[PDB]
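Chains as they are written, first to last, in the deposited numbering: chain X, 541 to 589; chain G, 167 to 221; chain Y, 149 to 246; chain C, 198 to 207, 238 to 246; chain W, 198 to 203, 211 to 246; chain Z, 1158 to 1263; chain B, 884 to 932. Even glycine gets a Cβ: it sits at the ideal position worked out from N, Cα and C. The block underneath contains the structure these notes are about, expressed in C-alpha cells.
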Ligand SMILES: [Zn+2]
Ligand SMILES: [Zn+2]
C-alpha cells in the first residue's frame, strides 16, 4: 500500500480487451482462442496487490 | 418533485397558485348559492341534467 | 423569470466540472481523491466512475442515478471535445462586428 | 451509494507482528 | 458453490451432459457395496 | 416474387412481421434507422461468447435482436447508449427452435 | 495480466510526480527512533552476558 501511494502507473484492464476485440475468426467454429484468453485471464477484476 | 438528472427540485408552482382552479371554484360556489347540492350540471351518457338555479 | 431557470438547467446539464487545466499531474490534485472501493486516484470523472462501476460484477448491473450520470458526463465530454463548438460564438463582441 | 451520488454528481504472533 | 454449479457450444454441452447422465448411476462407477447373506449358490 | 422472397435479405424494420412487432408512434419524431444500422450491433466488445453465434441459415434473428437492443436503449432515461450483445443462454439453435415453435400456432 | 496491461497518466512529468509523492513519507520521522531501540537491544544483550 505504501507503493500504491507512490507508483505512477495505473493498471487498466481495458487495453487487453480492446486489442483482443480485433481478432478475425470465422464463427462457424466451436473453438474460440480469443474468448479462451479473455475467460482465462479475467482482466475485469481489481486487486493487483 | 426531484429531477434525477438535473439533481434539483423543479419550480413548477404549487396548486395554490393557479388562476383557473380559483375561477372554477368561485363560479361553482356562486352558481350553487343556498342550494345544498353543489354541482352546476350532471353528465349522464345520453344528455346532461341541469341545476335549478335562477342565475 | 424563465431565462434564469433554463440557464440553471443548462449549467446543470453541461457543467460537472470536468474542465481541463494545463499542469503536470500530481498525486495530490486528482479528481478521484478517495474512490470508495479501494482509495486510488485516476484524475478524471469518467475514469473515476468507470472505476466505481468496474469493481461491481457485470451480471449485477442495475440502472440507477449514478449509472445515468456516467453517460451524461461522457456525452457532455465528447460534445465539448468537438472543435466547431470549442471555438464558436452566437453574438458579436464589438471587434468582430467592427 | 445513492446519497454519495448526489454529492458526487453535483497472542505471541500478533505481539511479534506489532513489535 | 453456486457459481461452480454454473466454454463450448450448446449442442456440445447437451452431448456431454447426456453422456454423463447416461453413465452416472451405472454400476461400474459405484463403490463399497454390501454382502448379500447368500444362503444359496452352495 | 416468391422465388425472390425466398432468397433476398429483408430490411430490418420489415422483419417485425414474423414476430408481430411494430415501431411505436412515439419514435416517429426521432430518427431510428441510423440507430438500427449502427448503434445496436451484435458480436460484442469482449469477443465471442458462443451464446452470440447465429447460423447462416435463419439469420432473421439478427434483425429481431436489433429491435430488442434498440428497445432496451430507448426505455432507459438519459442518452441513447451503444449496446452490445451478451449471452443468450440457449444459443441461436434454441432461440430458432422456440421461435419456430411459437410460429407453429400464431 | 498486470504485466500485459499498464499505462501512465496521459501527459506526466516524473520529477514533479515523485517530488509530490515522496514528500510526506520524509516529513515522517519514525525512522530515527528505531536506532535508539537498537542501542538498548545491543546494550541489553551485552550486559546480560
Ligand atoms: Zn476504488
Ligand atoms: Zn437520495
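For residue 183 of chain Y, no Cβ of chain X is located within less than 8 Å of the residue's own Cβ. Residues of chain B with a Cβ closer than 9 Å to the Cβ of residue 552 of chain X are, in chain order, 888, 889, 890. The alpha-carbon separation between residue 158 of chain Y and residue 175 of chain G amounts to approximately 15 Å. Closest in C-alpha terms to residue 1239 of chain Z, from the list Z:1206, Z:1228, Z:1179, Z:1246, comes Z:1228.
Residue environment for residue 211 of chain Y: exposed (fewer than 16 other C-beta atoms within 10 angstroms of its C-beta). Residues with their Cβ less than 7 Å from any non-hydrogen atom of ligand 2, running along the chain, are C:199, C:200, C:203.
Residue contact check for residue 220 of chain Y against chain Z: a CB pair falls below 8 Å.
The stretch 1216-1230 of chain Z makes contact with the stretch 1163-1174 of chain Z: 3 or more CB pairs, one atom from each, lie closer than 8 Å.
Closer than 7 Å to some heavy atom of ligand 1: that does not describe the Cβ of residue 163 of chain Y. With the rule of 3 Cβ pairs closer than 8 Å, the stretch 542-552 of chain X counts as touching the stretch 890-908 of chain B. When Cβ-Cβ separations below 8 Å define contact, residue 213 of chain Y makes contact with chain G.
Look at residue 188 of chain Y: its beta carbon is less than 7 Å from one of the heavy atoms in ligand 1. A straight line joining the alpha-carbon of residue 219 of chain W with that of residue 233 of chain Y spans about 59 Å. Residue Y:197 holds the alpha-carbon nearest to the alpha-carbon of residue 181 of chain Y among Y:197, Y:170, Y:172, Y:238.
By the C-beta density criterion, residue 582 of chain X is exposed, having fewer than 16 other C-beta atoms within 10 angstroms.
Separation of residue 237 of chain Y and residue 1253 of chain Z (C-alpha to C-alpha, rounded to the nearest whole angstrom) is 55 Å. Interface annotation for the stretch 186-214 of chain Y against chain B: 191, criterion Cβ-Cβ distance under 7 Å.
In the assembly as shown, residue 896 of chain B is an exposed residue. Its beta-carbon has fewer than 16 other beta-carbons within 10 Å. Contacts with chain X at 8 Å (Cβ-Cβ) include residue 1207 of chain Z. Annotation for residue 1249 of chain Z: 1210, 1211, 1212, 1215, 1218 place their beta carbon closer than 8 Å to its own, counting only its chain and skipping 5 residues before and after. Closer than 8 Å to the CB of residue 1191 of chain Z there is not a single CB belonging to chain Y. The C-alpha of residue 588 of chain X lies about 7 Å from the C-alpha of residue 885 of chain B.
Assigned with DSSP and collapsed to three states, residue 918 of chain B falls in helix. Nearest to residue 1199 of chain Z by alpha-carbon distance, out of Z:1242, Z:1237, Z:1185, Z:1160, is Z:1242. Closer than 7 Å to some heavy atom of ligand 1: that describes the Cβ of residue 185 of chain Y. Excluding the 5 residues flanking it on each side, residue 925 of chain B has no same chain C-beta neighbour closer than 6 Å. Within 7 Å of the CB of residue 578 of chain X, the CB atoms of chain Z belong to 1203, 1204, in sequence order along the chain. Per DSSP, the continuous alpha helix (DSSP H) segment holding residue 558 of chain X begins and ends at 554-560.
Distance check between residue 561 of chain X and each of X:578, X:552, X:549, X:584 places X:578 closest, using alpha-carbon atoms only. Taking 8 Å as the upper bound on Cβ-Cβ separation, chain W lies near residues 1247, 1248, 1250, 1251 of the stretch 1232-1251 of chain Z. Below the 8 Å Cβ cutoff, chain C contributes 206, 207 as neighbours of residue 164 of chain Y, in chain order. Under DSSP, the beta-bridge partners assigned to residue 209 of chain G are G:214.
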